[PDB]
Amino acid sequence: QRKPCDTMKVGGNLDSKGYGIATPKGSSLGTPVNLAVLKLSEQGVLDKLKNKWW
Amino acid sequence: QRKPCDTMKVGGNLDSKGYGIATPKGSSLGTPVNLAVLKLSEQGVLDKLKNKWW
Amino acid sequence: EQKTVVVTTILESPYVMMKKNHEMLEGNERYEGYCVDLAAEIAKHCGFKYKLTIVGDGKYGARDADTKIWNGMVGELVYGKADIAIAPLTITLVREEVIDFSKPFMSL
């Protein structure tokens, strides 16, 4: 979408993978943010961000 | 790819999901089963069986 | 009593964008974007205080040869420059064995 529109996809993409937040081992911050990510995942707020930024 | 060959895919994948083997809540064998799954994955037999069948 | 944490992020143009007043703002104000407002929402739910920072290596970066000693973005976690990462970074066991990861937020 960033003009000039001189690039294009071809083919049905290659694979499926996830992106996620990360945290070093034993760090206390891990699960209290993971539960917040779960909250957002079930509330669907991410759809607002996707709309806003693509 | 089967004999009639009279139908075809169109487009790419709509989303992504995955399969997992399932059992009732708290089934104690589930972790042995999870280890078996992990080993069969590491052994590449998940490739072997599909390469046989497809 | 009080506590604060340092966050790692990257200026990937879909995910983080440099606000025009880039001369003097702090990283909590320098930036906007999908990662930025996701992080803001996470801190809104979790309540912890934080500061955003760019990855100091500014890149993904490779494994150290024959050692797999980590790149900048991972080392800033493992070596205490930061305590959480919120970035477009691929989930894999070769990383999960070293550090924990959330549930994925997107599939691609």
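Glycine also receives a Cβ, built like all others from the backbone with ideal geometry; neighbour counts cover every protein chain displayed. None of the figures in this text is laboratory data; all of them are computed from the coordinates on show.
Worth pointing out:
- Expressed as a fraction of 2.2 N^0.38 Å, the value expected for a compact globular protein of N residues, the C-alpha radius of gyration of the range C:35-108 is 1.17.
- Angle of helix C:34-46 to the longest C-alpha principal axis of chain C, folded into 0 to 90 degrees and rounded to 10: 80°.
- Among A:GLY18, A:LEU29, A:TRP54 - extreme Cα towards positive end, dipole of chain A, charges at beta-carbon: A:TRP54
- Computing FRET efficiency as 1/(1 + (r/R0)^6) for B:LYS52 and B:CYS5, where r is the C-beta to C-beta distance and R0 is 25 Å, gives about 0.75.
- Solvent-free Debye calculation, one equal scatterer per alpha-carbon of the protein assembly as shown: log10 I(q)/I(0) at 0.08, 0.12, 0.17 Å⁻¹ equals -0.40, -0.85, -1.37.
- About its Cα centre, chain C has a charge dipole of approximately 120 debye under the convention of +1 per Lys or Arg Cβ and -1 per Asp or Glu Cβ, with nothing else charged.
- For chain B, size of Cβ-based charge dipole, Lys and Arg +1, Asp and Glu -1, in debye: 180 debye
- Once the mean of 1/r is taken over each pair of separate Cα atoms and inverted, chain A shows a Kirkwood hydrodynamic radius of 14.8 Å.
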